[PDB]
Amino acid sequence: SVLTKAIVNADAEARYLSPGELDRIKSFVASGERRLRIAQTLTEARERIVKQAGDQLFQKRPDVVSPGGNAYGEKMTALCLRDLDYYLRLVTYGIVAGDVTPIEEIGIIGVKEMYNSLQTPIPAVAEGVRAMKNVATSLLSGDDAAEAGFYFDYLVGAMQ
Amino acid sequence: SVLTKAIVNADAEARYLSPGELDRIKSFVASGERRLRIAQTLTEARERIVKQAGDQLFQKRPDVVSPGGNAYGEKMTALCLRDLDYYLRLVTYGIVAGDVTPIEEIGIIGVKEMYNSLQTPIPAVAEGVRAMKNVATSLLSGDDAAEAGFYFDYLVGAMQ
Amino acid sequence: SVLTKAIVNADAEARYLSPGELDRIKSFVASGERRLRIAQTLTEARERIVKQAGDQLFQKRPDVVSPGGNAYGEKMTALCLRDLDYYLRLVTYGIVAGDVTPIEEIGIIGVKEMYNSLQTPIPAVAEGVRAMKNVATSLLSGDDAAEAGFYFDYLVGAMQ
Amino acid sequence: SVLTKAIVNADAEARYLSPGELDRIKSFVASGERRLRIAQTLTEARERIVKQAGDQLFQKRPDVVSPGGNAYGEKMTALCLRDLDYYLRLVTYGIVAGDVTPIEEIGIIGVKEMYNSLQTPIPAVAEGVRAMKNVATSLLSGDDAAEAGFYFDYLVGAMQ
Amino acid sequence: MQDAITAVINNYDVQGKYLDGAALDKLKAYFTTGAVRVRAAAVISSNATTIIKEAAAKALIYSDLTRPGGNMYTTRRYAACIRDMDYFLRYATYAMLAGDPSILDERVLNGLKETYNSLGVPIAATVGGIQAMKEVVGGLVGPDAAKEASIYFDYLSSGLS
Amino acid sequence: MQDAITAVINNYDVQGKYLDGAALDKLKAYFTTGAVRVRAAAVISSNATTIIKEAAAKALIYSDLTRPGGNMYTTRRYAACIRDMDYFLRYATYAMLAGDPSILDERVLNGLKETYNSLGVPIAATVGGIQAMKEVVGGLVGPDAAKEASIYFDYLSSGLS
Amino acid sequence: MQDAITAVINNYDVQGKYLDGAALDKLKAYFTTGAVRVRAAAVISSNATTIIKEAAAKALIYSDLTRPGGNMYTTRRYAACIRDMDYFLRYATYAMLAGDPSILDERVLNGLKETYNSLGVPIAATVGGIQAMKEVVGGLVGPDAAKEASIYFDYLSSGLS
Amino acid sequence: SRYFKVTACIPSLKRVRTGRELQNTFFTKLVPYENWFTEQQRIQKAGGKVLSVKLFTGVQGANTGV
Amino acid sequence: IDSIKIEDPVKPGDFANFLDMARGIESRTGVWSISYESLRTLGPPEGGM
Ligand SMILES: *[C@H](C)[C@H]1/C(=C/c2[nH]c(/C=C3N=C(/C=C4\NC(=O)C(CC)=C4C)C(C)=C\3CCC(=O)O)c(CCC(=O)O)c2C)NC(=O)[C@@H]1C
Ligand SMILES: *[C@H](C)[C@H]1/C(=C/c2[nH]c(/C=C3N=C(/C=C4\NC(=O)C(CC)=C4C)C(C)=C\3CCC(=O)O)c(CCC(=O)O)c2C)NC(=O)[C@@H]1C
Ligand SMILES: *[C@H](C)[C@H]1/C(=C/c2[nH]c(/C=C3N=C(/C=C4\NC(=O)C(CC)=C4C)C(C)=C\3CCC(=O)O)c(CCC(=O)O)c2C)NC(=O)[C@@H]1C
Ligand SMILES: *[C@H](C)[C@H]1/C(=C/c2[nH]c(/C=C3N=C(/C=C4\NC(=O)C(CC)=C4C)C(C)=C\3CCC(=O)O)c(CCC(=O)O)c2C)NC(=O)[C@@H]1C
Ligand SMILES: *[C@H](C)[C@H]1/C(=C/c2[nH]c(/C=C3N=C(/C=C4\NC(=O)C(CC)=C4C)C(C)=C\3CCC(=O)O)c(CCC(=O)O)c2C)NC(=O)[C@@H]1C
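Right, here's the structure in full:
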């Protein structure tokens, strides 16, 4: 969260929270109500977002849904969608927290190593997240979509 | 090389070379003549080995030579063959050195990062090297093939 | 042993054993039968080797067997011979191991400090080991003697 | 010297000199005049001290002046005397300094290594210094001799 | 660590005995086995990543552990589990070459139970994963090698449990 | 560092050339001398202390250097000088095994001159000491090895001068 | 480091002057630009890997550098080069947010030439790679952002050369 | 005590590091005399080159005060 | 003065393998019909020049 990050920086400096750091906390608490609304919207539309994003991803990369590809077969295709759902859930948590710390601990640390064992291609995963962003953006208001975009972009950046 | 490695370990301990280390040097110089012959065989058959291995790899994995795949197109396919040729040359250097030190500096360090930028799939590359081993083994005598196999195996392990 | 040393270096690198390191193990297991024979020969002739070496050492250095000298007197002379026997036993262990690692813990680490307390002169001890080598070499076959020489030389180097 | 040592300790503490440290300096400067007299006496009698000490040392250790021994032969015997003279000069410097720091840099650091190359026995050298002390003590007044003794003792301690 | 050859030497050194024929026979036994072991070790190293993948598929993944709340849930924990698997495989290979289980006790087994208990890692599942690796390894190495390989895997599993 | 074998490999790698007959001949030349070098190295290591004593006696001590005002006056500086002698001997032995002088450049000659210049260490005497070691070694190693050993000592001396 | 806001403050502090309207106008200018810069930075971070790939394709790869005997030859060197490219991109993004080139001088530029000269890294090629990145970045960020982005890339290039 | 001023350039040839390593790579520094011999060796084993050495503090060929 | 070798059956028989040298049928879609020496100088994949 924003709070966690601020405290951690202060602890390292061994200081009480700076006026600037306090101001950042104030801004976050003001924004919180809007953030909660954005998260709720995405939660409601989750099933649709995952499904639509999956389709776009499979259109972008035929290979993943092909005999060679990892996604090939019903079970595998489901698992690939399950993963997209997991990432969407993480994004919602991120939006309410105001930071990617929640996202990062659950999903971005060790992700390369996990996917490499599975043999899933990381760039395709990133494409799926990009796809999810496009679907999500359409449902969201323009201002809301920008906020949501940052968190989606972070995921894409973290695994590419 | 064997020599380099022995000296380096001694230098770290700041000691003269151990009786065991000296023995290993003696063994290696005796082996050297045989090793040179093995390397020469592979060098002569190199054009064939690369070509045949490329064949097999593309047969094993249609995808790499497909519109989605990196290898797709003539230029790309040539580059993939060039890569195989590079790795074969490295293996020959390794056999005469008696160690993977030569191989490792030129080909195994930073390889993941290089291929990730290119977006080439690493497991396919490993398959290509496996393919090359099978071709090479057929040309080599059984005893020679075993020696050559170790060096090929190291590459496959490193590119994983 | 050869094995121990190889494993330890790999563990430090946190890697599986290199092709070259594996080859060295293969060579060592082939050598082992010959090594066992060499060790057995020395063990059988041990009593003779020690006695002859003692005599040569005392002839080479009057001082040790003189009232000033540490070796002077029956008890002291026995102890000096006992030490020579200990070093011979260590050499045999080394030959079968193919490395001085076993020898080194039992005999070469702290040796200077031990002898300095006793006030025994270190260079004389080294001479005794050289003496032992000459006797041992004569009993051994030329090829066997070379192998045995290295281990004897290591001892002489350590006590210097 | 006493002065150097006190300043160095203060500099490490990054402080001006402590009352106790200042007192030690005061005591030393009072002692200084007496110390200079003690040094002068030893300097005058130096040739005699070295000669007498040499004789005692050769009496104590016949071996050193024997064909095996390092001291054997005129040149070698001269060198052994020269060494004794060097150590006596060092002791005089130490007495006036009130500290062994001067002595230590010139004579005690690296002494073992130097003698080991030469193959001279270090314990014999120590005996020669002890011998020198006995001669020096007889020439000195009892109180003066005690002061001089400490410096002689330090030498014996440093190489032993 | 200690290997078969050194183990004999050490036992004779505490006795102070020179090496004897009986001792020589034990050493001789190791030397025959040795060539086979070297070949097995090379096989394992080349196929190491695959071995871990197969073993995870057999036991760990598609399970409650991977599902949310499970100890292998989250990428961080998944990655740590496959890292530990790799360690066990590497050390078992070292032990097989050495011909001695001691190295496993010194480097892998020491403190593992206590660490796992504090972490909350489930030991039983881990043991299951080790057993899975053994089966996969057995296939790759071939039967003669497999018997030798199996004992070290079993030694790890028993230690953990 | 590089040895004979890696020197050839590196030279071909920059061209991207597979090893050819010319290359193979150079490698063969090394392999045939190898056994001799190993024997020489063992001789030097066992006699290392003696070699340094003899070399100092012949070239450094019993002189003005060891006497007050000289650079090897004081136990501290005598000890430092024979410490340096020991490294030169050890590194020359490494070079002789390797069959390449590169290690001498990388790990002896580099920054030695600058250090020596600041200290004021007398170069001619040092070179004299290296040359003295060379003469001593030649005796011990024998005909097989003497020529080979000598070139590395010469390489060190020419680097300083 | 220094940012645009702090740069104004520092200039007034050396004068001892309280902040004045003219100073305020410079600060105000930064504040309008700021929103655009933040958007640009997010674009760059998301597309960072792509930017480097495209820029390498344009200048570095399929060249003599990649071919044997070139600085970017060998996997280790290839990887190091794309690592440096990533550094330049990241620092330029930092500078663009800051609105000041100081950070580039303080971290990237300081000691780089000397290090490069010892390594043998070719400066001209590196500069070429930076210029290539700029063009790619320009497209992604859009025109208004591109002008701001360009100056920092140019600053890096001039420093290196 | 004597002190050396030393410049060196060190490459990372075993691994590729993401964090900024420029400070490690080119490092002018002051080294106590008693530490320098070890520090020189370390730079050489890494395959760094020692660009310059000067004795900052201390007098050349001083028997005492060293 | 014997070449020896030829230990595995020299020919499986008409039915197995044979026509091994297919290489050189159409354009090098595959690997055959690409020059081994051309590799030394590949050039850019775009190859705009
Ligand atoms: C879909 C975009 C891509 C794809 C996915 C895919 N994943 C698996 C298997 C697993 N995926 C995970 C992932 C997670 N666990 C976590 O903790 C997180 C973060 C919260 C993630 C995202 C896991 C643990 C598994 C292992 C199996 C299990 O869940 O128990 C597969 C199938 C496995 C296989 O390799 O066959 C697939 C297909 N595959 C692609 O290529 C798509 C681009
Ligand atoms: C006499 C007590 C013992 C003895 C002495 C001995 N010394 C040498 C040779 C040298 N001794 C020194 C010593 C010093 N040089 C210094 O700078 C200092 C510190 C101030 C000392 C004490 C040196 C440098 C030498 C080298 C030769 C030279 O004089 O330049 C010898 C001869 C060595 C040889 O191997 O021939 C001897 C005999 N030896 C004994 O046995 C006595 C117990
Ligand atoms: C002996 C033949 C001559 C001699 C030696 C001498 N050396 C020093 C001091 C140093 N020597 C080194 C050199 C090295 N650094 C390296 O990396 C290597 C390669 C392994 C070497 C050989 C260094 C670093 C020092 C300074 C630090 C230290 O003492 O360890 C001295 C001391 C000089 C002083 O004034 O303190 C001496 C005397 N000088 C002679 O007179 C001989 C001709
Ligand atoms: C073939 C098995 C697979 C494949 C290969 C492939 N490689 C490239 C492009 C490059 N490959 C290299 C690799 C090396 N440079 C080195 O220094 C070494 C070590 C000695 C190697 C292995 C390089 C540098 C390039 C970049 C281009 C260049 O060399 O100038 C491609 C081209 C793709 C692209 O440019 O994007 C391909 C296709 N691709 C596959 O999918 C096969 C499995
Ligand atoms: C790529 C465009 C070109 C290229 C680069 C290249 N660089 C190195 C080695 C190093 N690069 C740096 C540079 C930096 N480190 C930093 O901290 C910073 C500032 C943030 C920079 C810019 C450093 C210090 C090194 C040395 C160690 C390291 O890896 O960091 C190499 C490798 C050279 C070698 O042999 O070590 C290369 C290849 N070279 C090219 O040819 C491209 C044009």
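Protein chains in written order, with this note's numbering: chain A, 2 to 161; chain B, 2 to 161; chain C, 2 to 161; chain D, 2 to 161; chain E, 147 to 307; chain F, 147 to 307; chain G, 147 to 307; chain H, 22 to 87; chain I, 5 to 53.
Just so you know, even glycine gets a beta-carbon here, dropped at the ideal spot from N, CA and C.
| said: Quick check on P122(A): buried or exposed, where buried means 16 or more other Cβ atoms within 10 Å of its Cβ? | reply: buried
* **chain C within 9 Å of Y152(B), Cβ atoms only** => yes
Assuming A244(E) is part of the alpha helix (DSSP H), what are its boundary residues?
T221 to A244
Give a yes or no on contact between the segment 127-145 of chain B and the segment 214-229 of chain E, applying the rule of three or more CB pairs nearer than 8 Å. no
- Is there contact between the segment 222-237 of chain E and the segment 105-117 of chain A, where contact requires at least three CB pairs shorter than 8 Å? yes
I107(C) Cβ short of 8 Å to ligand 4 heavy atom set
no
Check your understanding: If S303(E) sits next to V273(E), beta carbons under 8 Å apart, how far is it from one beta carbon to the other, in whole angstroms?
Key -> 5 Å
Taking Cβ positions only, does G95(B) come closer than 9 Å to chain E?
no
Margin query: For a test of your reading of the model: does the CB of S209(F) fall under 8 Å from any non-hydrogen atom of ligand 2? Yes or no.
Written below: yes
For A83(H), three-class secondary structure by DSSP: coil
Next item on the list: May I ask you to list, following chain order, the residues of the segment 37-56 of chain C that have a beta carbon less than 8 Å from some beta carbon of chain E?
Entry: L37, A40, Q41, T44 and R47
Q | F59(B) and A46(B) closer than 9 Å at C-beta | A | no
key: Closest Cα partner of residue 94(F) within the set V189(F), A169(F), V160(F) and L170(F)   = No statement about residue 94(F) is possible, as the shown extent of chain F runs from 147 to 307 and does not include it.
- Query: For the candidate residues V3(A), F151(A) and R25(A), whose alpha-carbon lies nearest to that of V92(A)?
  - Reply: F151(A)
(message) Rounding to the nearest angstrom, what Cα-Cα distance links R62(A) and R44(I) in this structure?
(response) 33 Å
Compute the beta-carbon to beta-carbon distance between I249(F) and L306(F), rounded to the nearest angstrom, for a pair I have assumed lies under 8 Å. Contact doesn't hold; Cβ gap of about 16 Å is too wide.
Who are the neighbours of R90(B) on chain F, taking C-beta pairs under 9 Å?
-> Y158, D159, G162, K163, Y164 and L165
Taking 9 Å as the cut-off, decide whether the C-beta atoms of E252(F) and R183(F) are in contact. no
| request: Answer yes or no: do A159(B) and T152(F) have a C-beta to C-beta separation smaller than 9 Å? | output: no
Q.
Can you determine whether any heavy atom of ligand 2 sits closer than 8 Å to the C-beta of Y87(D), and answer yes or no?
A. yes
Where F29(A) sits in the DSSP three-state scheme | helix
Is there a Cβ from chain F that is less than 9 Å from the Cβ of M133(D)?
no
Could you tell me if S264(E) is buried or exposed, where buried requires 16 or more neighbouring beta carbons within 10 angstroms of its beta carbon? exposed
C-alpha gap between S209(F) and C81(D), whole angstroms: 15 Å
Worksheet item: So is the beta-carbon of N71(A) under 8 Å away from any non-hydrogen atom of ligand 6?
Response: Absence of ligand 6 from the depicted structure is noted, with ligand 1, ligand 2, ligand 3, ligand 4 and ligand 5 being the only ligands included.
Requested in this report: Taking only beta-carbon positions, decide if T195(E) is within less than 9 Å of chain B.
Outcome: yes
Residue from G40(H), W57(H), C30(H) and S33(H) with nearest C-alpha to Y262(F): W57(H)
| task | Under 7 Å between beta-carbons, which chain C residues line up against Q60(D)? List them in chain order, please. | result | None at all; the shortest Cβ gap to chain C is about 12 Å.
Does the distance between the C-beta of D230(G) and the nearest non-hydrogen atom of ligand 5 fall short of 8 Å?
yes
Next on the checklist: Measuring only from the beta carbon, is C81(D) closer than 8 Å to any heavy atom that is part of ligand 2?
Outcome noted: yes
Helix, strand or coil for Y24(H) per DSSP? strand
| query | Under a three-way DSSP split, which group does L302(E) fall into? | reply | helix
* At what residues does the beta strand (DSSP E) containing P124(B) begin and finish? -> That residue, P124(B), is in no beta strand (DSSP E); its alpha helix (DSSP H) goes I123 to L140.
Can you look up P32(H) in the DSSP assignment and give me helix, strand or coil? coil
List, in chain order, every chain D residue whose beta-carbon is nearer than 7 Å to that of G69(C). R62, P63 and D64
Would you verify that the beta carbon of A225(E) is, or is not, closer than 9 Å to some beta carbon of chain B? no
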